[PDB]
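One chain follows as structure tokens, the form deposited in one PDB entry.
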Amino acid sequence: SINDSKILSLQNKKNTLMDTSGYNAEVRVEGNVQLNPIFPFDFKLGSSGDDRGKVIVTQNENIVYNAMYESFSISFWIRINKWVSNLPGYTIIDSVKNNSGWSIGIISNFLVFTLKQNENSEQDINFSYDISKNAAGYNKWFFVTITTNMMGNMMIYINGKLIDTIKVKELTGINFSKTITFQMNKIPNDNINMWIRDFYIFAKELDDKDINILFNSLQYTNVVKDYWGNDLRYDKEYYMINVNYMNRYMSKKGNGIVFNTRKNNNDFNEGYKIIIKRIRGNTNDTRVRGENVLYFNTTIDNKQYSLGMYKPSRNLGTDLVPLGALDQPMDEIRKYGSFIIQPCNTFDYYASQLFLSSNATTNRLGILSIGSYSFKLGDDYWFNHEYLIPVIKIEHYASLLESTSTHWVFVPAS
């Protein structure tokens, strides 16, 4: 197993941060450090005040290096908020003693891993997130994996995917520090938070196969995630957005839901919010899971509507039915407004696919896509108007299964 090479395993256990690898490294906690009492059992750090938060992990004895050759791998889940593209320099995870060791930091849209041999010798490698795809900041959970071979390459992975590979030329060896300090420290040239969970160190070079297994094993893939990677929940306000139309928010005109262009990318707080409601499922713990039957409520002008099918003023195309906001009872929601959810995560986003349910069962009649169509809504009368609407393709939709126009994300309102 790959756990045979695991020399450190920082985990929250019984509301206490500790090493669970077996090597029993000392873990001291100081300042404002908040531990999550539920999964993923993360710990939260800040960057403001003298009491900001500090986790000192002192590796107990030399034992830990007893099975090491010239390779080691670091892996951890991490979330940063608000990770703006013009963020100033911050060292976040430091393990450098006497100008030797390694250090992880963040600056602008870069997460940089620096490997130090001495004063004069260091090599770094980074992941830079796509600014155009994250205009509101890269504020989502992501899985870092960093592998290093002194006689080979220095590699970095994000969400199981290889981002960059640099050959180790300048560095001959590394005398590692026995201390690792998790603390957000501003580099000498608005406040940000950082969540971390399952910080592992391995005494070997993990390959792509092992990194993807590790990536998936640390997740509950059946549990659908919100836009930031947290567990999607019932009975909670979200902004429902389509992957292909991130600069659109949800609005209403007559029976129909319509998508309008948002004002800016400061945040997603614009338009009407949805609330997800459970109908069927194997578990009942508030979390939304794959194959759950559900429906959507939305409050508009102090009245709640449910998302459901309606007849458009004229036909939009073969096997297409538009999704509108309707004030109707549960029997009608079960017939014409119930959906079977299915998680759909990619490197770029945590999303989902929604299939039209037959009588609130797991039987599928169609898939929820998006598109612009010319017809009449609300007080329209004289002319037809192009409306970007959510639309269900029924019966025949195998080609839409692979389309990103069926990928829906949920941004929490909070």
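Residues that one form lacks are left out of the comparison. Under this definition, the rigid core comprises the largest set of C-alpha atoms superposing within 1.5 Å between the forms. All residue numbers refer to positions in the sequence shown, first residue = 1.
Exercise for review: For the stretch from residue 189 to residue 190, please bin the deposited residues that the model skips: none, 1 to 3, 4 to 9, or 10 or more.
Suggested key: Per the record, 4 to 9 deposited residues are absent between residue 189 and residue 190.
Point to revise | Comparing 55-63 with 366-374, the one whose average Cα B-factor in the PDB entry is higher | key: Between 55-63 and 366-374, it is 55-63 that shows the higher mean C-alpha B-factor.
Check your understanding: Taking the recorded C-alpha temperature factors, which stretch has the higher mean, 216-224 or 238-246?
Key -> Result: 216-224.
Point to revise | Residue with highest C-alpha B-factor in the PDB entry, from 354, 68, 351, 389 | key: Among 354, 68, 351, 389, the PDB entry lists the largest C-alpha B-factor for 68.
Point to revise | Top residue by Cα temperature factor, when 210, 270, 332, 319 are compared in the entry | key: By C-alpha B-factor in the record, 210 ranks first.
**Study point:** residue 231 - which third its CA temperature factor falls in, relative to the rest of the chain
**Key:** It belongs to the lowest third of the chain when residues are ordered by C-alpha B-factor.
Check your understanding: Once the chain's modelled residues are ordered by C-alpha B factor and cut into thirds, is residue 278 in the lowest, middle or highest one?
Key -> For residue 278, the deposited C-alpha B-factor lands in the lowest third.
Check your understanding: Of the three thirds of its chain by CA temperature factor, lowest, middle or highest, which one includes residue 176?
Key -> According to the entry, residue 176 has a C-alpha B-factor in the chain's highest third.
Check your understanding: Lowest, middle or highest third: where is residue 403 by C-alpha B factor in its chain?
Key -> Middle third by C-alpha B-factor.
Check your understanding: Thinking about Cα B factors across the chain, which third does residue 136 belong to?
Key -> For residue 136, whose C-alpha B-factor we compare with every modelled residue in the chain, the answer is the middle third.
Not pictured, yet referred to below: the form deposited in another entry.
Point to revise | Answer among 235, 291, 331, 170 for the CA shift between this form and the one not shown that reaches 2 Å or more, rigid core superposed | key: By this measure, the answer is 170.
Exercise for review: Return yes or no for residue 66: a CA shift of at least 2 Å between this form and the one not shown, with the rigid core superposed?
Suggested key: After core superposition, the C-alpha of residue 66 moves 2 Å or more between this form and the one not shown.
**Study point:** Core-superposed comparison between this form and the one not shown, residue 132 Cα displacement 2 Å or beyond
**Key:** No: residue 132 shifts by under 2 Å between this form and the one not shown.
**Study point:** Is_shifted residue 207 between this form and the one not shown (CA, 2 Å cut-off, rigid core)
**Key:** Result for residue 207: no, shift under 2 Å.
Check your understanding: Which is it in the other entry for the CA atoms of residue 147 and residue 67, closer or farther than here, knowing they shift by 3 Å or more?
Key -> Closer together, by at least 3 Å.
Practice item. Over in the other structure, so in the other entry, do residue 174 and residue 204 pull closer or drift farther apart at the C-alpha level? The difference is 3 angstroms or more. Key: Farther apart, by at least 3 Å.
Point to revise | Consecutive stretches, 3 or more residues long, displaced between this form and the one not shown (C-alpha shift of at least 2 Å once the core is aligned) | key: Listed in sequence order, the moving runs between this form and the one not shown are 63-69, 118-121, 170-175.
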